[PDB]
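One chain follows as structure tokens, the form deposited in one PDB entry.
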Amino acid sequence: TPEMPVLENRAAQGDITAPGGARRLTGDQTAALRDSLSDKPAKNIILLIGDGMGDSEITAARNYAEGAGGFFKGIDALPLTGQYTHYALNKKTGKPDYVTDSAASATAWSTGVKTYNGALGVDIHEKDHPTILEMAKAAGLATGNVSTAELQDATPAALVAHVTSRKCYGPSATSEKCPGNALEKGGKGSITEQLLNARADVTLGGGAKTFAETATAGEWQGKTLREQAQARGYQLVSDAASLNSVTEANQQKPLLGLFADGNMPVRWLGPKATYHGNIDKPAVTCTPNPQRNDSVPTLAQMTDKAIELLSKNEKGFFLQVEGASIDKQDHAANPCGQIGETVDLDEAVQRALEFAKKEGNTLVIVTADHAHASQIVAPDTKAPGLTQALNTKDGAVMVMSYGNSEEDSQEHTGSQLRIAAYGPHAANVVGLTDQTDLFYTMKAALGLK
């Protein structure tokens, strides 16, 4: 039912070289914003995270894919916006650590407590805290966790695992790096073992490799984690046909989709940026990655499937969806891979908003875990790092720069960044907020105890 509006168009309205032609607005917004404010309960929440998707990453993707004056029909369409802070903490001192990793930030919105880089579901004293997904399930809501990364990666793992190091994917790494969590030492187990215990109704992503490990203790000792999932009643799917065939997902038959051995394939291919890449080389045009395929569900397809299965729960549901490789390609100084994964996320955001606008009691939030390296610079820039010129939709060149690491991976950055929302309680993302306020916002919107 239409009541709260989703923005229909914020593209430049006309000829950008003419007076008024670059305007994104067509009239006053006071009434539209009033219509966007409701404090009624959120029956459902869909939280979409672009990993590393700072304002710079949004702008670069929009400039390339949609044109400077273009509009992301998903990402740019949420009417209530603000800027939030995502600093982590130094484990020893408890003081702020100004640049977080994916684990401490996902732990912050999923538990409401700040923590140290690399921690999942625990605070600086390594004490476990319940996550918004575990809380939703406990309250009888359906739950979904979707990501284009390995499911053991920090972002999706924070919702279902409590470990002292994000490296504890399976039994082997846990025994070596998180001895206190190792199952054979009396702990709760590896990230994959804890994910199997958490039992969200719908879990979709990559990361099949770790399921080949076998447990070192417990009821399923000696069996692979895949065998364990099967013995525990999970429906396992591995491709788009398998996924489409699923008709239900619930506690009796939870769904686990493992679509790649490690990360899922990126949407677009292009070369890595290089030293004086914008002065020494010709411009790059991105191209679709052949490895995608009709056999691999897209992030928008996984999102739609999750929504269809979780919406069957009369009480409501919580769903987190992660466009994971925006960050990974930004680390790899690869504009095409980075931008393609941002376009990918925009499609999933559109599916979420289409659902939310019709359902009327769904709060949709779109943001990032932290900012990143990429910068949009003048075409004639002579920079010390890695740069690349790109042919955009506008038929002009845009140059991107990665200038914060001499090491193999570009670095995260600490800038506050955009958080946007639509639906019941969306006012709580406007103005300056902290990433831990998002936990409390989601908890209150759902009316959780």
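One rule holds for the numbers: they count along the sequence shown, beginning at 1.
This next part talks about the form deposited with a partner chain bound, which is not shown.
Contact annotation: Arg226 falls outside 4.5 Å of its partner chain in the deposited bound form, judged by heavy atom distances. Using a 4.5 Å cutoff between non-hydrogen atoms, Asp101 counts as a contact of its partner chain in the deposited bound form. Looking at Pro297, you'd find every heavy atom of it more than 4.5 angstroms from its partner chain in the deposited bound form.
The closest non-hydrogen atom of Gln301 lies beyond 4.5 Å of its partner chain in the deposited bound form.
For the options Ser175, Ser165, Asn361, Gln350, the residue carrying a heavy atom within 4.5 angstroms of its partner chain in the deposited bound form is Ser165.
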